[PDB]
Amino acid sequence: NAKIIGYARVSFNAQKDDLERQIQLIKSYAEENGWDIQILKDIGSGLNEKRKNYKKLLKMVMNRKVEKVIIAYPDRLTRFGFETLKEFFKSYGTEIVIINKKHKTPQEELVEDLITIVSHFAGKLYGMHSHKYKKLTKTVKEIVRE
């Protein structure tokens, strides 16, 4: 139809109270505006383009079933490519509503997304478990995990 959908996520199950927070924020935003809403969520990183409920959302939007996507803040939706996403969303007739533009993003996802990304580049630069791979990854790891 012209559905209104909320999307929430966190990377780790340990952040589940925060997830339930995002959900309540979105849920009462909808209720303030008198909107029926279906809410979708993942527990998984914003680097993961294969998030199950996220991909469900994407498919609804690309099939022109969605009027508005409501999120607490941008990096909940995806870590990279938000602007590309926003443009493609408009082309289907879909707005992204950001409730809390400036909201402080959870520090542990910044740490763990960075570690994931450094590993990926270190692998390509030097080869998995090579001397330079170990050096770079464990150095970055030491700085951010303390």
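We number the residues from 1 along the sequence you see.
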When mean C-alpha B-factors in the record are compared for 109 to 117 and 94 to 102, the larger belongs to 94 to 102
For the stretches 41 to 49 and 26 to 34, which has the higher mean C-alpha B-factor as given in the deposited record? 26 to 34
Tertile call for residue 133 (CA temperature factor, within chain, third-based) is the highest
Divide the modelled residues of the chain into thirds by Cα B-factor and specify which third, lowest, middle or highest, holds residue 8. lowest
Compared with the other modelled residues in the chain, in which third is the CA B-factor of residue 125? middle
